[PDB]
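One structure is given here, and the rest of the page talks about it.
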2 protein chains.
Amino acid sequence: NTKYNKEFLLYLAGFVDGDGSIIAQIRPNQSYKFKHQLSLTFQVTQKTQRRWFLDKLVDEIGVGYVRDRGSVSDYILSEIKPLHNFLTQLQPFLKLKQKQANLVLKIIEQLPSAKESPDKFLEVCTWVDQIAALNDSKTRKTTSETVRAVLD
Amino acid sequence: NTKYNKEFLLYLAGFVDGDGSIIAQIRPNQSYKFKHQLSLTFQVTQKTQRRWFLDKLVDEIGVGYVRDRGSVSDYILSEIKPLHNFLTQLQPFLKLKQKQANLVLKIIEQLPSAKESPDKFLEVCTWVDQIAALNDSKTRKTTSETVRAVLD
DNA sequence: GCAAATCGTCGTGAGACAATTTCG
DNA sequence: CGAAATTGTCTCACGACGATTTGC
Ligand SMILES: [Ca+2]
Ligand SMILES: [Ca+2]
C-alpha cells in the first residue's frame, strides 16, 4: 500500500502509454477449478542496453522484477494486491490505457465472487475480452468464448 | 513563447521517452552555404488509429502538425524557434532523451555562428553525431565526417 | 487450487533517419 | 540561401500474448 509521488506517476503514466502494456489473460490450466487461471500483468518493455531504467522502476515502484529476453528486457508486475495499489494511483493520469487499467482493477476487485460461480467467472472473462480489444491484440487465443467451452 | 503546464510536460516527457524521438540530421543540399542543411526534429509516432492523440498534441503544443504514413502517424515539429521554447521546458523531465534534448538546444543556439564559419558549422555537425549515437541510430549516412569532406 | 513465476514468440508500432521539393 | 515541408522506408524495439512450471 505504498504511496507514490504525483510527479513520478505523471511521468510514468506517459511512459507506460508509450512503451507500457496492461495485460489480462485467460490461461488454460487443468489444476484450476474452471480449467483456467486469470492473470493480470503490468509491464514495461525496453531495449536491454537501457535495462537500468527498468531496474530503477523496481526500486521506485517497490515490487515486481526485470526479466531478460535477448535484445529487450521487461519490467514485470504480476502480484495482484500490489498491482491493484499501483494502477489505482496511476490510472488517473493514463490516456491510452486508462480503461484497460480500470478494467484490470474491476477484475481484481471481483476475483473472489468469480471463483464461486461459473457465471461470475465467465462475466469476468468478458472483462479480459475488452482489455485485449483495447490493446493492439494480434496473437490472442484463449478468450471468454473458449472458457464458454467449460459447459460440462 | 507559449507557457506549458508542468503536469502536461511531466506526462509528455514520459510519453516522449517512450514513443518519441529527438532527431538531428545533416542533409546534403547544394543550395546551402556549406552544401548541407542542419535539420532538427521533435516527433511522436503512433498507430494511425490512435492519431487523435497526436492531433491532440498539435492543439496542446500550439505548433507543428500530424502526417500519416500508412498504419502509422507522426506528430512533427521542426520549427526552430518553437522547438527551442518547447524543448527548454520539457527537458528537465526527460530521463531517456534529456541529453539529445539539450544537444538540440545547444545546436539551435549556435546556429547563427555556425553560419559564418565552416569550422563552427563543422563543430556543430559533431553535435549531431552525438545525438545520433545517443539514439538507436540504424540507417544514418551523412555525418560530420562526410561533411568535413567539404574541405576540398 | 490458486497466485506468481519461467521462458518464449508473433507481428508489428514504432523510432530514426534519407532523398528531394517548396517558397518567402 | 535557407527554414520547413513532403514522401519514403529500413530495422528494429517493442507491445501483447501463449505454454508450462513452481510453490504454498
Ligand atoms: Ca507505444
Ligand atoms: Ca520506446
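Atom set for the values below is all heavy atoms of this structure, side chains included, hydrogens, waters and symmetry mates excluded. Here is the naming used below: chain letters follow the sequence lines, and residue numbers restart at 1 for every chain.
- Of the possible donor and acceptor atoms, none in the side chain of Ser144(B) sits under 3.5 Å from a partner among the backbone N and O of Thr126(B).
- Regarding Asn135(B), its CG atom lies at a distance of 11 Å from the P atom of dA13(D), rounded to whole Å.
- Among the protein residues, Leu111(A) comes within range of the sugar-phosphate backbone only, with heavy atoms under 4.0 Å from sugar or phosphate atoms but none that close to a base.
- Atoms CD (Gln49(B)) and P (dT12(C)) sit 14 Å apart, rounded to a whole Å.
- Taking atom CZ of residue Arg140(A) and atom P of nucleotide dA16(D), one finds them 12 Å apart after rounding to whole Å.
- Counting any heavy atom pair closer than 4.0 Å across all strands shown, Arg69(A) reaches a base atom.
- For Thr45(B) and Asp74(B), the side-chain atoms include at least one donor-acceptor pair closer than 3.5 Å.
- Nucleic acid contact class of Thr142(A) (heavy atoms, under 4.0 Å, all strands): sugar-phosphate only.
- Note on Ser78(B): only backbone sugar-phosphate atoms sit closer than 4.0 angstrom, heavy atoms only; bases stay farther off.
- Rounded to whole Å, the distance from CZ on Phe42(A) to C1' on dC17(D) is 16 Å.
- Residue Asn29(A) contributes atom CG, which lies 13 Å from atom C1' of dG18(D) at whole-angstrom precision.
- Looking at heavy-atom distances under 4.0 Å, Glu79(A) makes contact with sugar-phosphate atoms alone, never a base.
- Other residues, nucleotides and ligands place no more than 12 heavy atoms under 6.0 Å from the NZ atom of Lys33(B).
- For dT6(C), its base never sits under 3.5 Å from the side chain of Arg67(A) at any donor and acceptor pair.
- The cationic group of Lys35(B) does not satisfy the cation-pi geometry with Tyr32(B), failing either the under 6.0 Å distance to the six-membered ring centre or the 45° limit from the ring axis.
- Remark: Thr139(B) is not in phosphate contact with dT11(D), judged by side-chain N or O atoms under 4.0 Å from OP1 or OP2.
- For a distance-only test at 3.5 Å, the side chain of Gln37(A) qualifies as a donor-acceptor partner of the base of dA3(C).
- In this structure, the NZ atom of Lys141(A) is 9 Å from the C1' atom of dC10(C), given to the nearest Å.
- With hydrogens and angles left out, the side chain of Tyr32(A) and the base of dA3(C) share a donor-acceptor pair within 3.5 Å.
- Between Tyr75(A) and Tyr65(A), the ring center distance fails the sub-6.0 Å criterion.
- For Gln43(A) against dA16(D), a side-chain N or O and a base N or O form a donor-acceptor pair under 3.5 Å.
- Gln46(B) has a side-chain polar atom (N or O) that falls below the 4.0 Å cut-off from OP1 or OP2 of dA14(C).
- Counting non-hydrogen atoms under 4.0 angstrom, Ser137(B) reaches the backbone sugars and phosphates but no base.
- For the OP1/OP2 pair of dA16(C) and a distance below 4.0 Å, the side-chain nitrogens and oxygens of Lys97(B) include at least one atom meeting the criterion.
- One donor-acceptor pair, N or O on each side, does fall under 3.5 Å between the base of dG2(D) and the side chain of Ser31(B).
- Nucleotide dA5(D) holds its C1' atom 13 Å from the CD1 atom of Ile80(B), rounded to whole Å.
- A straight line from CG of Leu38(B) to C1' of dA18(C) spans 15 Å, rounded to a whole angstrom.
- In this structure, the ring of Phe42(A) has its center less than 6.0 angstrom from the ring center of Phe86(A).
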